[PDB]
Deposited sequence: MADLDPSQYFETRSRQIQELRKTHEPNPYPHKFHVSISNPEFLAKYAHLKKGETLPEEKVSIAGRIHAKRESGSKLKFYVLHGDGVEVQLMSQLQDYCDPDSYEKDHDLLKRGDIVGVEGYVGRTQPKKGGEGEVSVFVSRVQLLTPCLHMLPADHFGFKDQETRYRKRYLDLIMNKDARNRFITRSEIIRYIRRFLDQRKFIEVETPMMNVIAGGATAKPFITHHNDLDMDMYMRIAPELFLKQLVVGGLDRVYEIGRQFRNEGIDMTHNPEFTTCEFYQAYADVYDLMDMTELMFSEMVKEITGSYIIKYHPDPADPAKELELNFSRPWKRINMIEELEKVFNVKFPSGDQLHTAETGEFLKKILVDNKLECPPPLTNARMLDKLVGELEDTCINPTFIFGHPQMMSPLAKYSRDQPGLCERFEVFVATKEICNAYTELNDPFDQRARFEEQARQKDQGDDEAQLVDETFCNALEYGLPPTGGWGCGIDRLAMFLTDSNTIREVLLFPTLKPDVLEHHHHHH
């Protein structure tokens, strides 16, 4: 029957394309007022009151149609996230000889334009009225050839996102919220005289993060190229150039598997501020995010539901300042009740045995290669799993942070922090390593990590090294995951529901 409806409506519309008495695909319809403005402009009307002088013209998609008798029909239009009811008595219709022929063509799902006047209906059985258009003329703008469903399934909603947006309206709101998150961040940085810049997405070396890149080829120059995994190395060059405050909100490309917090392409905001350090960035972060949550949510506290198998599970995310701050190695010592190496020894093979002994005793599986950086990163997860409120984890070792500046007092650690919300990492920031001598050392250490099997290690970029030799000022850098911010502010348990068209496993 769905196939029968599609074939019947197709032949009907196809005939109208030849005959053009209704002209099923007209060019222009003049909308006098949007549906939301319509409902707000005339909400003051009392139940039963009408203004026949107030002529309007609106448009939208038919979501409901009912007809009682032959001289009365009702419609419900969806438009701009608002539902508007139409009432078409025959005494209100201009040209009553066209009344029945104009209506019989309209089916549920069609885009229609309608003219008429304003009034609030008076139900005999339910009361409270409804601001409606008292139809004088109705006109088909675009016919819907398919029968719309009466649709829970998840991964069909991702291939036909447009159908999801038609049927739910719940999806529509969270993508608007995602837009508002991005515009809040731009406002925050623009007001601080940041310059919005754009750096290449196709590079000969993909640096600035630890990830596997996408590869492509430019035919005209017979040149293989990597899709960028981060804009970091370019943005620091701009700061070397004199652009003291830059930021970029764009797409990243990382060749990794899909899960509830990972997409092969995703949006991240990175900003760089000269003459600031981590402690400036820590105050910037919790000022920006706490006040963003209150402005968008209405409260400093969010109720998040992480488990899709148990929607009753409720987490309470308190973004109130000050945020909890913890030192990584200090708390790792408390988690496992053991004194860790000094910190300048965290790269040694003796430390590697120490880390693996903790992993196998606690039955924590670390996928190979078992470099000290990866093994420790797995151990840090035991800290992340109790960070519900936004929590700073500070003091990453140097073997894990090839581009973060060494700590001014703690020997083997870096001035670096990550923020975790509901156990997920939402942003990464540190004091920019502006020391070309130490930078070379970190790049050599990464090269040795790749020698033991870590293909995602960050090897040296000599142009970036040249910029550090000309001089990068003391600056602070910062990067966040926009998609993950959208998850927690829209109460989405998966990243595939804050992405309009998520990467499809075909």
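The chain's deposited sequence has unresolved stretches at 1-4, 155-158, 515-524, with no C-alpha coordinates there.
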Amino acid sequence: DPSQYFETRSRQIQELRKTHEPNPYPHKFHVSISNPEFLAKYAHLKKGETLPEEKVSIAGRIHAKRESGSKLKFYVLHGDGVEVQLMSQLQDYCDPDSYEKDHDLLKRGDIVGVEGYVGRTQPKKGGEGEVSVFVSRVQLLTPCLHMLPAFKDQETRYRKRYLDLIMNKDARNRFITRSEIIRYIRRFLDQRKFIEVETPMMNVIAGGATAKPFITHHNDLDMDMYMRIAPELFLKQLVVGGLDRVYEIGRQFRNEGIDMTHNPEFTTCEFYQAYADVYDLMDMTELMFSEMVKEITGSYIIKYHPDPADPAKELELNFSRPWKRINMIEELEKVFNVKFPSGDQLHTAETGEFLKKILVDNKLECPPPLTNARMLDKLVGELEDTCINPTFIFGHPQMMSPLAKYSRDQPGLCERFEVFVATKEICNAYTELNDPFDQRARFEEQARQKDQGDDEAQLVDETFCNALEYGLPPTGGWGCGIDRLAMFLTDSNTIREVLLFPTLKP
From here on, numbers count along this sequence of modelled residues.
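Averaged over their C-alpha atoms, the temperature factors of 273-281 and 328-336 are higher for 328-336. Taking only CA atoms, the mean B-factor in the PDB entry is higher for 131-139 than for the other of 223-231 and 131-139. Taking the PDB entry at face value, the top CA B factor among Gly119, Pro322, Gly395, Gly352 belongs to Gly119. The residue among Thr210, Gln237, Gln410, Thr261 whose C-alpha carries the highest B-factor in the deposited model is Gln410.
The deposited CA B-factor of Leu16 belongs to the highest third of values across its chain. Among all modelled residues in this chain, the alpha-carbon of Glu196 has a temperature factor (C-alpha) in the lowest third. Remark: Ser32 belongs to the lowest third of its chain, ranked by C-alpha B-factor as recorded. When all modelled residues of the chain are sorted by CA temperature factor, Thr391 is found within the lowest third. In the deposited entry, the Cα temperature factor of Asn23 sits in the top third of values across the chain's modelled residues.
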